[PDB]
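Asker: Below is a structure I'd like to ask you about.
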Amino acid sequence: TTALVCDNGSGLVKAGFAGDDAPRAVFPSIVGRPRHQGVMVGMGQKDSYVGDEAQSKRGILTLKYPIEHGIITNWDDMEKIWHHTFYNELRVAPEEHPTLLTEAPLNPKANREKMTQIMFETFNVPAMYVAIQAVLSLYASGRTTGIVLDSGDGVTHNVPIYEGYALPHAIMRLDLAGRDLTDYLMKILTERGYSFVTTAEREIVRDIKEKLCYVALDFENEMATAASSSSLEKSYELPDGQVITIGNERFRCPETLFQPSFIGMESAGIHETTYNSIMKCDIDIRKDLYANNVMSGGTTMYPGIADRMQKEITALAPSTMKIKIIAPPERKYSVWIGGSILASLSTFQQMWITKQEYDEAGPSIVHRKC
Amino acid sequence: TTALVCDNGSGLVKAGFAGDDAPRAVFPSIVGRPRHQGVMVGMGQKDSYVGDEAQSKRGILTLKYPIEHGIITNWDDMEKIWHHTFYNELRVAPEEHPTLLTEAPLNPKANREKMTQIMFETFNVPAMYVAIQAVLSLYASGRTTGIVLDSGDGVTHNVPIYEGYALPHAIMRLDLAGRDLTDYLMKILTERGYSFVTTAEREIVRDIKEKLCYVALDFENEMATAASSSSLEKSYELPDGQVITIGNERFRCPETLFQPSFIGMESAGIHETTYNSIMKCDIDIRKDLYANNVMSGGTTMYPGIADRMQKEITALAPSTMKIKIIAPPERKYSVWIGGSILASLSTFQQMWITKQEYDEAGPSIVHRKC
Amino acid sequence: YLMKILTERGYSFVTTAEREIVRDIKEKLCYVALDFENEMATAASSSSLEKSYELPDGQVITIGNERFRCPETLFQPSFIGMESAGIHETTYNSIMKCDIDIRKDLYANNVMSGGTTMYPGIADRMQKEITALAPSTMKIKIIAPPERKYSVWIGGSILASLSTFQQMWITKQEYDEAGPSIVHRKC
Amino acid sequence: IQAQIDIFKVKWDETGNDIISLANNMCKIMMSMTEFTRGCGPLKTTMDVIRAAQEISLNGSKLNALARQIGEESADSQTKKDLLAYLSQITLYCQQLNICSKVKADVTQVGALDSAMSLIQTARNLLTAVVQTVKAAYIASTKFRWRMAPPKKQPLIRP
Amino acid sequence: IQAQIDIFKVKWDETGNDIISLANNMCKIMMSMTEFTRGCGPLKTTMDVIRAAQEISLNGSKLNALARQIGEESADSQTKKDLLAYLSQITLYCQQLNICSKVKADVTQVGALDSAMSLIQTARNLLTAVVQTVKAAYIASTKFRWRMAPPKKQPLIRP
Amino acid sequence: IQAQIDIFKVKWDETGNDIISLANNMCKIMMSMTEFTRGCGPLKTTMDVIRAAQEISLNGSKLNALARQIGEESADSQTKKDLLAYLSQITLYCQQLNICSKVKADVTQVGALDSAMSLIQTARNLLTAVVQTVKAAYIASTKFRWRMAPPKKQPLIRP
Ligand SMILES: Nc1ncnc2c1ncn2[C@@H]1O[C@H](COP(=O)(O)OP(=O)(O)O)[C@@H](O)[C@H]1O
Ligand SMILES: Nc1ncnc2c1ncn2[C@@H]1O[C@H](COP(=O)(O)OP(=O)(O)O)[C@@H](O)[C@H]1O
Ligand SMILES: [Mg+2]
Ligand SMILES: [Mg+2]
Ligand SMILES: [Mg+2]
């Protein structure tokens, strides 16, 4: 039949049908459960709200993400999320569709083994496949030679590829991503007086970060400009009518990516991580990797991240090489479009993990096949 | 000269001279104003009573705390409180003494900026300094490596420190403190029949909480014991001769700290907050932070809070590590004793914010210096 | 590489202090397998190879298959993306670059030094790997003193205290005359 | 709310037509009352709004019975539990509509728009809990052991 | 890339003309898009570049089918394996061109040069994998059991 | 801690004897308080532990003054900077010992082992920062322009 492509990220679930060019279902990956006391009979029978129905009712729920840093910490909640995706959002019986799941590199092996076991034993899919996300982003970028920075909500990882041959020793996975930026924005928002503490208020702060925050080209000059004048202050209106105003927190939140010492992490920024991943590859392909820096994932959509990253890498690379960062306008959905390209290929249809193979070899077949 | 150490908490003001070992003035931080009608000529000329003279006359006043959750909401009243502290209680001219003020972490920046401006423009102090409270508690605890739980009347915050190097990304400030426990005690006291509604009756309920309330080691077993028999009931005598009797409300009021869902708050208890603050620090120092859990502040003086907190943390920490909670008998005044230790140091006398520096750089010098 | 393959089980060490923790794990637990494929089969079939280590904060880890995969990088440097041949082929190639008459004497004296050559079972494995390359007649034996971590320093003690050697120091007067380029002539 | 029903195209397939017809009648009456709110509509007297509310309540009882039959026909799953929750909500809303309609009728007889505002609100709550009852019933009866079109593609760029 | 086809002069000789014609059309469209990159060319709108990319993809599918027919007609050899590898590459590039063209069309419709840069890159990859498919197919069908001129003399002294 | 002083055998050689004597007194009092912790020792009352802590603080002030004199006598180097850092640490520890001893005295007078635990901890921190002050002062005064034996041989095999 037609294959499903479920890109269950750490923050958003993006599902669809293979061969298309856009997902059908795009909903947050949360599972709320009511915490207050129900007083009207018949209201309160539903124990847990999943996805978009827990984002509307978040005033009386404790939203809990099942996937946390790309690793599925809670498995019952993630079964709930997958059931929602298959039946209530896409409205397809899984028994008739192969499913192409995505996964960050360098995750635990139990993660793939349990995703395979759940798909083949609970949802009874006829076939499946687990693909690294940056490979799919390079599929959807229309190339075969690049270094794929793939931020997100859970992790931020690079995968350098030269002409279809990935270099597994130069894959650099960093655990700094959108959720850490949300928490840091909450922290620095406490300075102005605004205290967001609950989970629903985490979602409000996430929306503030998406709407207002941007990346400064030169950090010190922008701090000087923000301190000298109030030209950088922009106002946001909370769900209860209150108006906030953040002037200096706008570029301090996404600067955590380039200086992960803001949140106490030791590792180098994403620019030094990309450059170190480039100079771990063979000398002959560094020129081709410099010119194709595919950026993917949601977190790489801050206004001004491509220019800043080009400036930061150009100061590290030799003066001769041509650095240019590829930032497609649709880069939030690049992984899923790559899943559509991969799952609908004529060549690929011999690479599904069929149910018969899983019955023969158990959940450890995913390590051989994928 | 000799430096002042004014630890203006959210509920009590504790001032003194640096180098001593006990405060000179310890009075509540309230500012009452009469609300009834004066009928005798010459009585009623005084518009507002501050501190201890508003706690004696509380029968005809509306007591209002100027500091509320560690953040100074009312500034004229807090000028009144500081004037009282300097002139009527300590009896010193501020022009001749540097002042060491204290402040909870993660407060607004306008708070420090306006405390500095008021001290340098209204009281004309020659120097000042604003110090985080848990750092001073660790000073006064006689160590340099611990995690300082510092409850109080406004806030409850942790500051993990390893060998004089604080970890600012693991500071966990919780806004649940003594005043919320007082309000919850009023709420649960309404069950027995006693209705305290006014501010003076808030002070009566605060005294009930201090005298009678304690923390249960095992909550369910203590509820079972309290329901089965009347061995837990203790009586208190109100200021008009009436006798109350609270048996089950004794350990339900301070249980709000370990289950903040009693008062509708979502956040985790103080035991989970301390453990989360420990496992945000670097792996090598968690063993040293486990063994030094300095507890400070007034609210941590319930009978049985050290044993209960040790039991709650030991169930979270690995079975090998040695958990022990440090609860000095003087822990109500630990922050001020730390202020005495810090302000009287030979090394420290180059770190005051001198008046000349404030004249040069304005009230934004406190962010650089402190 | 041990940090990389430890990420598979779930343990993520990222900082420098955690590099030192992983180094201690490598020293305590890791060893070299005599036959790699047979040991992988044994490790997959049963849990007899799993050994536990306790981190500085009380947590307990458990590595069963990463024990001999980390030091196997020496004999297959393609694990970490390097092209060059293992230490056994490097030693054999260094032997057959020497003159034909001395290869028999070099085969029988394979002195192993340095810290990294102290994995339990590296001498037996290296002897097995070289013996499969050398002619069937020659006698291969690897010399692995128990103190081989400090062999270089003990050699420094032997060399610096010799009666003959005291004319070979680079004296300060010679350095003043000839500059820092004297070390290339003398050494 | 109308769009969720409008994606239906022609256990289930035995009692499905009845349920979809009832939901369509509900939506028709609902926008009748909404147009009354906006000023221009088929019904113009508050008595007419009360009659329409009672009609919606009757349709709600009928649809509740049909969906309960489908729910006990089906097998244990998560969608069955969602369906039962929505059935309880429909029961509460129908009882509210009945009693409040009678109360508003008496209030109007003893001697305006705000009288019908709460009836419109309760009927709108009822309708929102029906379009989630037809979908849950359809999925529980069909996908587990009419039609609904697959959802439309989400925009790649949102302006 | 054009020169490799330009050395063709007039199994193979039955389906050869179709393949050479398809490759020539590909090169013509390719330099159309290249001239768009340089600024002056037959097509000036990004929509035109997307249409050209879809056209190249269609030609790629046709040439892939023809070359597969020649490949299974021929006998086992090394050039046959090279031909099959290049056919797989053409398949991947055609799928990329299709889906990416649709995505860029939607992105442009929802509301510049960098939008067409990746389409040009993918089409150029496709073209490079065709001039190695015509040569491998020609050799596999002919030399084993149109024309290509013998290669030019290499310079004796390279300045 | 005792072993680091015990390797001392008989600027420096003018004020060295005073510093080594002060450090030895510190260690003697330190194990006095340690033996109090273990149960059996010269001093058995918490008041005695407070007196011992005040004595250690006084010795710390004296040794700080002597080491500061040596430090300003000596020349610029890295060991001088280490010595100054350790002097600052000694100053902090002495201030802590003074004020905390007074506080514990008042607490005990107003009416057990845990009262002396923190005093023992602070005195132990002070002592650890002294054996690194005598060594740094000795090296800064002597090696740059009593005695300490060369370090013992490290084991070749560690079981
Ligand atoms: N327009 C935007 N600007 C800045 N950050 C964004 C934007 N959109 C999304 N994000 C961040 O990206 C995250 C979503 O990334 P996503 O594409 O879902 O990655 P994944 O699918 O791997 O979770 C959100 O948590 C949000 O913080
Ligand atoms: N003995 C006690 N038992 C229980 N709670 C107490 C006791 N003493 C004080 N408290 C609580 O602590 C609060 C005073 O804390 P305090 O030490 O003043 O902190 P801060 O100085 O930061 O305000 C009071 O509001 C009271 O509720
Ligand atoms: Mg993603
Ligand atoms: Mg306090
Ligand atoms: Mg060595």
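Chain labels run A, B, ... following the order of the structure tokens; each chain numbers its residues from 1, and ligands are numbered from 1 in the order shown.
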With only C-alpha atoms as the counted atoms, please give the residues lying no more than 12 Å from residue 143 in chain E, apart from itself and same-chain residues fewer than 5 positions off, as an NGL selection string.

Answerer: :E and (11-12 or 74-75 or 77 or 79-80 or 135-138 or 148)

Asker: Just to be explicit: take each residue in the selection above, keep N, CA, C and O atoms, and write the result as a compact mmCIF listing (two decimals), in the first residue's frame.

Answerer:
```txt
# COMPACT_ATOMS: atom_id res chain seq x y z
N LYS E 11 18.80 -3.39 -28.05
CA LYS E 11 20.19 -2.97 -27.92
C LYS E 11 20.41 -1.60 -28.54
O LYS E 11 19.46 -0.89 -28.87
N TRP E 12 21.68 -1.23 -28.71
CA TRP E 12 22.02 0.03 -29.36
C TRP E 12 21.64 -0.01 -30.83
O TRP E 12 21.41 -1.08 -31.42
N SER E 74 21.90 -6.89 -22.47
CA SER E 74 23.32 -7.15 -22.59
C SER E 74 23.74 -8.34 -21.73
O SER E 74 22.94 -8.95 -21.02
N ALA E 75 25.03 -8.67 -21.81
CA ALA E 75 25.60 -9.82 -21.12
C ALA E 75 26.39 -9.37 -19.90
O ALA E 75 26.75 -8.20 -19.75
N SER E 77 29.11 -8.41 -17.38
CA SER E 77 30.39 -7.74 -17.55
C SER E 77 30.51 -6.69 -16.45
O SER E 77 29.60 -6.52 -15.63
N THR E 79 30.98 -3.38 -17.15
CA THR E 79 30.25 -2.20 -17.60
C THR E 79 28.76 -2.33 -17.31
O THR E 79 28.09 -1.33 -17.06
N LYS E 80 28.23 -3.55 -17.32
CA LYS E 80 26.83 -3.75 -16.93
C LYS E 80 26.61 -3.36 -15.47
O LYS E 80 25.61 -2.73 -15.14
N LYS E 135 27.16 6.32 -21.90
CA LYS E 135 28.43 5.71 -22.28
C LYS E 135 28.49 4.26 -21.84
O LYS E 135 28.90 3.38 -22.61
N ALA E 136 28.10 3.98 -20.60
CA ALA E 136 28.12 2.61 -20.11
C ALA E 136 27.15 1.73 -20.89
O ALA E 136 27.48 0.59 -21.23
N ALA E 137 25.96 2.25 -21.18
CA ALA E 137 25.00 1.48 -21.98
C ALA E 137 25.53 1.24 -23.38
O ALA E 137 25.41 0.13 -23.91
N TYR E 138 26.12 2.26 -24.00
CA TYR E 138 26.67 2.10 -25.34
C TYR E 138 27.75 1.03 -25.36
O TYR E 138 27.74 0.15 -26.22
N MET E 148 30.98 6.85 -30.85
CA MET E 148 31.76 7.83 -30.11
C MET E 148 33.18 7.86 -30.64
O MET E 148 33.83 6.81 -30.76
```

Asker: Near residue 97 in chain D, within 8 Å and counting only C-alpha atoms, which residues show up once chain neighbours fewer than 6 positions away are dropped, as an MDAnalysis selection string?

Answerer: chainID D and resid 53:54 57 119 122:123

Asker: Can you spit out the residues from that selection as a compact mmCIF listing (two decimals), in the first residue's frame, using N, CA, C and O atoms?

Answerer:
```txt
# COMPACT_ATOMS: atom_id res chain seq x y z
N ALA D 53 -34.01 24.45 21.31
CA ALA D 53 -33.17 23.82 22.32
C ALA D 53 -33.74 22.48 22.77
O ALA D 53 -33.00 21.50 22.93
N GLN D 54 -35.05 22.41 22.97
CA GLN D 54 -35.66 21.13 23.33
C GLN D 54 -35.49 20.11 22.21
O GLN D 54 -35.27 18.92 22.47
N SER D 57 -32.04 18.77 22.37
CA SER D 57 -31.94 17.83 23.48
C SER D 57 -32.49 16.46 23.10
O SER D 57 -31.91 15.42 23.45
N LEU D 119 -29.06 29.20 26.67
CA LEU D 119 -29.53 28.04 25.91
C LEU D 119 -28.65 27.80 24.69
O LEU D 119 -28.31 26.65 24.38
N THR D 122 -25.35 26.27 25.96
CA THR D 122 -25.45 24.86 26.31
C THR D 122 -25.61 23.99 25.08
O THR D 122 -25.03 22.91 24.99
N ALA D 123 -26.40 24.44 24.10
CA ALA D 123 -26.54 23.66 22.88
C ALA D 123 -25.23 23.59 22.11
O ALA D 123 -24.93 22.57 21.49
```

Asker: Among the residues of range 14-182 of chain C, find those DSSP assigns to strand (DSSP E) from the backbone and print them as a ChimeraX atom specification.

Answerer: /C:51-54,60-63,110-111,142-143

Asker: Dump the neighbourhood of ligand 2 as an mmCIF file with N, CA and C atoms, in the first residue's frame: all residues within 8 Å, distances computed on only C-alpha atoms and all ligand atoms.

Answerer:
```cif
data_model
loop_
_atom_site.group_PDB
_atom_site.id
_atom_site.type_symbol
_atom_site.label_atom_id
_atom_site.label_comp_id
_atom_site.auth_asym_id
_atom_site.auth_seq_id
_atom_site.Cartn_x
_atom_site.Cartn_y
_atom_site.Cartn_z
ATOM 1 N N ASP B 7 19.478 42.179 57.758
ATOM 2 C CA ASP B 7 18.927 41.055 57.002
ATOM 3 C C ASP B 7 17.411 41.211 56.942
ATOM 4 N N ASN B 8 16.960 42.094 56.058
ATOM 5 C CA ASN B 8 15.535 42.402 55.943
ATOM 6 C C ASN B 8 14.844 41.253 55.228
ATOM 7 N N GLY B 9 14.407 40.268 55.999
ATOM 8 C CA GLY B 9 13.681 39.154 55.438
ATOM 9 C C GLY B 9 12.288 39.567 55.019
ATOM 10 N N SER B 10 11.514 38.575 54.582
ATOM 11 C CA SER B 10 10.141 38.848 54.180
ATOM 12 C C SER B 10 9.198 38.924 55.370
ATOM 13 N N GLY B 11 9.568 38.332 56.501
ATOM 14 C CA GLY B 11 8.695 38.325 57.654
ATOM 15 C C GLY B 11 9.265 38.983 58.890
ATOM 16 N N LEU B 12 10.586 38.958 59.040
ATOM 17 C CA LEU B 12 11.262 39.534 60.191
ATOM 18 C C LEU B 12 12.467 40.335 59.729
ATOM 19 N N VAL B 13 12.742 41.430 60.428
ATOM 20 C CA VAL B 13 13.917 42.252 60.177
ATOM 21 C C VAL B 13 14.903 41.996 61.300
ATOM 22 N N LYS B 14 16.123 41.606 60.945
ATOM 23 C CA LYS B 14 17.148 41.228 61.915
ATOM 24 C C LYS B 14 18.401 42.043 61.625
ATOM 25 N N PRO B 28 9.117 42.204 63.739
ATOM 26 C CA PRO B 28 8.403 41.861 62.509
ATOM 27 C C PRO B 28 8.419 43.006 61.515
ATOM 28 N N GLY B 70 9.741 37.916 49.029
ATOM 29 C CA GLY B 70 11.114 38.357 48.890
ATOM 30 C C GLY B 70 11.290 39.590 48.030
ATOM 31 N N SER B 151 14.629 28.083 53.805
ATOM 32 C CA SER B 151 13.238 28.496 53.850
ATOM 33 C C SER B 151 13.132 29.857 54.524
ATOM 34 N N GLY B 152 11.905 30.287 54.765
ATOM 35 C CA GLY B 152 11.687 31.589 55.348
ATOM 36 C C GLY B 152 10.225 31.942 55.400
ATOM 37 N N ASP B 153 9.910 33.222 55.280
ATOM 38 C CA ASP B 153 8.523 33.635 55.197
ATOM 39 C C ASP B 153 8.118 33.979 53.774
ATOM 40 N N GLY B 154 9.068 34.391 52.936
ATOM 41 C CA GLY B 154 8.772 34.705 51.555
ATOM 42 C C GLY B 154 9.008 33.583 50.564
ATOM 43 N N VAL B 155 10.227 33.040 50.525
ATOM 44 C CA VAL B 155 10.647 32.093 49.499
ATOM 45 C C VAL B 155 11.402 30.945 50.152
ATOM 46 N N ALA B 177 6.585 29.109 51.272
ATOM 47 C CA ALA B 177 7.325 29.504 52.459
ATOM 48 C C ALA B 177 6.354 29.623 53.624
ATOM 49 N N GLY B 178 6.785 30.300 54.686
ATOM 50 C CA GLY B 178 6.011 30.314 55.916
ATOM 51 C C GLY B 178 4.645 30.958 55.778
ATOM 52 N N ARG B 179 4.539 32.020 54.977
ATOM 53 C CA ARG B 179 3.261 32.721 54.889
ATOM 54 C C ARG B 179 2.205 31.872 54.196
ATOM 55 N N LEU B 181 2.108 28.675 54.431
ATOM 56 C CA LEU B 181 1.714 27.710 55.450
ATOM 57 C C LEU B 181 0.756 28.333 56.456
ATOM 58 N N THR B 182 0.943 29.613 56.783
ATOM 59 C CA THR B 182 0.002 30.299 57.666
ATOM 60 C C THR B 182 -1.381 30.380 57.036
ATOM 61 N N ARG B 206 -0.392 32.519 62.940
ATOM 62 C CA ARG B 206 1.048 32.319 62.840
ATOM 63 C C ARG B 206 1.615 31.827 64.159
ATOM 64 N N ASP B 207 1.150 32.395 65.271
ATOM 65 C CA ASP B 207 1.625 31.942 66.572
ATOM 66 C C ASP B 207 1.172 30.518 66.857
ATOM 67 N N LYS B 209 0.769 28.230 64.592
ATOM 68 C CA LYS B 209 1.640 27.409 63.758
ATOM 69 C C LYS B 209 3.008 27.236 64.396
ATOM 70 N N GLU B 210 3.566 28.316 64.934
ATOM 71 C CA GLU B 210 4.873 28.215 65.569
ATOM 72 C C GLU B 210 4.826 27.327 66.804
ATOM 73 N N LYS B 211 3.804 27.487 67.646
ATOM 74 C CA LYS B 211 3.773 26.754 68.908
ATOM 75 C C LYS B 211 3.487 25.273 68.696
ATOM 76 N N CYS B 213 2.379 23.318 65.477
ATOM 77 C CA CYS B 213 2.573 22.512 64.278
ATOM 78 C C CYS B 213 3.952 21.865 64.247
ATOM 79 N N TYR B 214 4.001 20.645 63.715
ATOM 80 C CA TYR B 214 5.227 19.881 63.552
ATOM 81 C C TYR B 214 5.131 19.105 62.247
ATOM 82 N N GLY B 297 16.922 29.426 57.761
ATOM 83 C CA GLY B 297 15.635 30.086 57.723
ATOM 84 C C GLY B 297 14.678 29.640 58.804
ATOM 85 N N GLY B 298 13.665 30.461 59.075
ATOM 86 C CA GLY B 298 12.758 30.160 60.168
ATOM 87 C C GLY B 298 11.915 28.925 59.920
ATOM 88 N N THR B 299 11.367 28.801 58.712
ATOM 89 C CA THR B 299 10.395 27.758 58.409
ATOM 90 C C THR B 299 10.967 26.355 58.542
ATOM 91 N N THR B 300 12.285 26.200 58.537
ATOM 92 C CA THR B 300 12.904 24.896 58.702
ATOM 93 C C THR B 300 13.091 24.523 60.160
ATOM 94 N N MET B 301 12.302 25.105 61.062
ATOM 95 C CA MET B 301 12.427 24.823 62.484
ATOM 96 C C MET B 301 11.261 24.019 63.033
ATOM 97 N N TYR B 302 10.450 23.421 62.176
ATOM 98 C CA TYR B 302 9.390 22.556 62.659
ATOM 99 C C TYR B 302 9.995 21.336 63.344
ATOM 100 N N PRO B 303 9.441 20.902 64.461
ATOM 101 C CA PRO B 303 9.982 19.710 65.121
ATOM 102 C C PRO B 303 9.849 18.475 64.254
ATOM 103 N N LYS B 332 17.606 29.797 62.682
ATOM 104 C CA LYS B 332 16.782 30.956 62.374
ATOM 105 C C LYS B 332 17.635 32.180 62.068
ATOM 106 N N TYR B 333 18.790 32.309 62.723
ATOM 107 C CA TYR B 333 19.671 33.458 62.557
ATOM 108 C C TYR B 333 20.930 33.122 61.768
#
```

Asker: Residues of chain D that have any atom at most 12 Å from an atom of chain E: could you tabulate them with the shortest-distance atom pair and the distance in Å to one decimal, using only C-alpha atoms, ordered by chain and increasing number, as CSV?

Answerer:
```
residue,atom,partner,partner_atom,distance
D:153,CA,E:106,CA,11.0
D:154,CA,E:106,CA,11.1
D:155,CA,E:110,CA,8.4
D:156,CA,E:107,CA,6.9
D:157,CA,E:107,CA,6.8
D:158,CA,E:110,CA,8.2
D:159,CA,E:110,CA,8.2
```

Asker: Those selected residues, please, written with N, CA and C atoms and delivered as a PDB file, in the first residue's frame.

Answerer:
```
ATOM      1  N   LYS D 153      -3.218  18.516   4.026  1.00  0.00           N
ATOM      2  CA  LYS D 153      -1.803  18.752   4.280  1.00  0.00           C
ATOM      3  C   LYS D 153      -1.606  20.020   5.099  1.00  0.00           C
ATOM      4  N   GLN D 154      -0.755  19.935   6.114  1.00  0.00           N
ATOM      5  CA  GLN D 154      -0.441  21.107   6.912  1.00  0.00           C
ATOM      6  C   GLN D 154       0.488  22.036   6.133  1.00  0.00           C
ATOM      7  N   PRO D 155       0.299  23.350   6.239  1.00  0.00           N
ATOM      8  CA  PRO D 155       1.171  24.280   5.514  1.00  0.00           C
ATOM      9  C   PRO D 155       2.620  24.147   5.954  1.00  0.00           C
ATOM     10  N   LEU D 156       3.532  24.249   4.986  1.00  0.00           N
ATOM     11  CA  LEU D 156       4.954  24.214   5.301  1.00  0.00           C
ATOM     12  C   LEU D 156       5.440  25.534   5.879  1.00  0.00           C
ATOM     13  N   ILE D 157       4.892  26.653   5.418  1.00  0.00           N
ATOM     14  CA  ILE D 157       5.213  27.973   5.944  1.00  0.00           C
ATOM     15  C   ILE D 157       3.924  28.620   6.423  1.00  0.00           C
ATOM     16  N   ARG D 158       3.919  29.076   7.670  1.00  0.00           N
ATOM     17  CA  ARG D 158       2.744  29.728   8.234  1.00  0.00           C
ATOM     18  C   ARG D 158       3.013  31.216   8.390  1.00  0.00           C
ATOM     19  N   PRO D 159       2.346  32.086   7.616  1.00  0.00           N
ATOM     20  CA  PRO D 159       2.566  33.533   7.657  1.00  0.00           C
ATOM     21  C   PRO D 159       1.762  34.224   8.753  1.00  0.00           C
TER      22      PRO D 159
END
```

Asker: Between CA of residue 60 in chain B and CA of residue 81 in chain B, what is the distance in Å, rounded to a tenth?

Answerer: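 So the answer is 19.6 Å.
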
Asker: Show me, as an MDAnalysis selection string, the residues that have an atom within 10 Å of residue 15 in chain F when counting only C-alpha atoms, minus same-chain residues fewer than 5 positions from it.

Answerer: chainID F and resid 20 66:67 69:70

Asker: What does the distance between CA of residue 338 in chain A and CA of residue 137 in chain A come to in Å, to one decimal place?

Answerer: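 CA of residue 137 in chain A lies 5.5 Å from CA of residue 338 in chain A.
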
Asker: As a ChimeraX atom specification, please: every protein or nucleic acid residue near ligand 5 (cut-off 8 Å, counting only C-alpha atoms and all ligand atoms).

Answerer: /C:113-115,149-150,152

Asker: Restrict the selected residues to N, CA and C atoms and save them as a PDB file, in the first residue's frame.

Answerer:
```pdb
ATOM      1  N   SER C 113      56.039  -1.775  25.932  1.00  0.00           N
ATOM      2  CA  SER C 113      56.161  -0.775  26.981  1.00  0.00           C
ATOM      3  C   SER C 113      54.915   0.094  27.062  1.00  0.00           C
ATOM      4  N   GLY C 114      54.982   1.169  27.837  1.00  0.00           N
ATOM      5  CA  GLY C 114      53.902   2.132  27.878  1.00  0.00           C
ATOM      6  C   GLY C 114      52.673   1.654  28.613  1.00  0.00           C
ATOM      7  N   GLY C 115      51.827   2.594  29.031  1.00  0.00           N
ATOM      8  CA  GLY C 115      50.673   2.229  29.834  1.00  0.00           C
ATOM      9  C   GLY C 115      49.653   1.409  29.071  1.00  0.00           C
ATOM     10  N   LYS C 149      54.712  -0.192  32.622  1.00  0.00           N
ATOM     11  CA  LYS C 149      54.239   1.184  32.642  1.00  0.00           C
ATOM     12  C   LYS C 149      55.380   2.162  32.886  1.00  0.00           C
ATOM     13  N   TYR C 150      56.377   1.765  33.678  1.00  0.00           N
ATOM     14  CA  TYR C 150      57.500   2.623  34.030  1.00  0.00           C
ATOM     15  C   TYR C 150      58.790   2.219  33.331  1.00  0.00           C
ATOM     16  N   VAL C 152      60.039   3.177  30.439  1.00  0.00           N
ATOM     17  CA  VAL C 152      60.765   4.298  29.854  1.00  0.00           C
ATOM     18  C   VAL C 152      61.547   5.043  30.925  1.00  0.00           C
TER      19      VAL C 152
END
```

Asker: Taking the backbone alone, and naming residues the way the document does, which bits of range 51-109 of chain C are alpha helix (DSSP H) by DSSP, as a VMD selection string?

Answerer: chain C and resid 66 to 69 87 to 95 103 to 107
